[PDB]
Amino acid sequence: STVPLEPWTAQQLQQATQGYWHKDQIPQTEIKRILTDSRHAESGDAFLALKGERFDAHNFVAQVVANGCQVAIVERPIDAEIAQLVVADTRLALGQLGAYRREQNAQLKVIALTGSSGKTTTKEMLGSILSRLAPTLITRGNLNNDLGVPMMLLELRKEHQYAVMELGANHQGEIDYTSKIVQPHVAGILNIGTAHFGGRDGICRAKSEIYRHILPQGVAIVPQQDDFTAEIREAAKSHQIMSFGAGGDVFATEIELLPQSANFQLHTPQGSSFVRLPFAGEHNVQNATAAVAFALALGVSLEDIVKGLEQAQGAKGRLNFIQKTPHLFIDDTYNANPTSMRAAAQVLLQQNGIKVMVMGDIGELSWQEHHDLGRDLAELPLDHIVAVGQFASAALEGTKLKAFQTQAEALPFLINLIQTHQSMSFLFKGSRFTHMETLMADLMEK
């Protein structure tokens, strides 16, 4: 990474991993950064060599030596001029290094959260709330798995008073592993979504591992309106509990959905407040109520929580409203599924001007799915539907909808829509692998 980092001593590296220095060659200078990318390691870094499926970064140690790196963390001694901390397993050692740094920072109050949807948005909301009060570390991008979580904890500094760790795992045992490294004071689940083997039951059990390592006198956060609310409350029973959602501790009433925001009355065990939330859509109201519950569990005042929500900003590709007078471009390109795709159309339906929904394929599904999506969206009063990809033909089945196999062929059509019409409102969305944000940037170019 590239943020300011607190250095490591050779002694700290060894103590965290219980490794040994090869041939007793011990670095006499401090280590400024631990990284896994052989392209970027330089003088002062420690290169930690990971292996995985058909890959082994031990193969690239000569590259980091040629580039000036003089410290490596490895599973086996390499014949090279570099100090080497030898460990049994470098994936485990990375976990231990993150766990050690988390433990050394005893001043921290720590949140861990998971869920099928809304993790990143809820994390950003908490980040806004907590960063107003003190230095706060939150998960960057998708660093939320067995490697990403400890990589994030390496960025902890003595100045940090708060940490908000997103945990992304979906499979049995994975959340136990990362949440044990994190050692949260407050943790919980936002929702259980649709089936990925194991079924939704398996997803529930996996994410319920997040309650196992909550620290003494901590708090478990539970969703009060989930299909698995009762099972999740049982999983959290060894901890003090707070809930969010209708019928729960923290909930919203008189919700008003505006074109780029949402108004509602917020209710909590610490009092109530109106909230002018600068996020669009009912799902983001739900994410706000979860952030409120997490923040109250850390003792933040309701007043500071509302101030944090009202100035919070969304992650990239999550309903970003981009004004390009006299046109609007909504960037919702981060990902897609059949449910969220229909939800996005509802947001576009609230905008002024000629409404054009540009959509790419939805993965992990498929033909019948797009057939019904193209049918349902065509019944909506959208002005134009531009379907791009391998299943655009399916959506065409069931004037309003045009289908393109490639983006290259879709770009002139979108350009022609400008000419054919008067302000336009575009919304762009597709699964991550379709990266519809290039087609959006390409239309915006001119």
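In case it trips you up, residue 1 is the first one in the sequence shown, and so on.
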**Study point:** Unmodelled deposited residues flanked by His196 on one side and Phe197 on the other
**Key:** 1 to 3
Check your understanding: Which fits the stretch between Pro27 and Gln28: none, 1 to 3, 4 to 9, or 10 or more deposited residues lacking coordinates?
Key -> none
Point to revise | Residue stretch of maximal mean CA temperature factor, 187-195 vs 293-301 | key: 187-195
Check your understanding: Comparing 167-175 with 316-324, which stretch shows the greater average C-alpha B-factor in the deposited entry?
Key -> 316-324
**Study point:** Peak C-alpha temperature factor (PDB record), options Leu258, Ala252, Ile214, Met357
**Key:** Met357
Practice item. Sort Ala41, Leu414, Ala62, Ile31 by C-alpha B-factor from the entry and give me just the highest. Key: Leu414
Practice item. Relative to the other modelled residues of the same chain, rank the CA B-factor of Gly202 and answer lowest, middle or highest third. Key: middle
Review point. Mind checking which third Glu124 falls in for C-alpha B-factor across the chain?
Key: lowest
Review point. Which third of the chain does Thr438 land in by C-alpha B-factor: lowest, middle or highest?
Key: highest
Revision key, fill the gap. Sorting the chain's modelled residues by C-alpha B-factor and splitting them into thirds places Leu365 in the highest
Review point. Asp376: which third of its chain by C-alpha temperature factor?
Key: highest
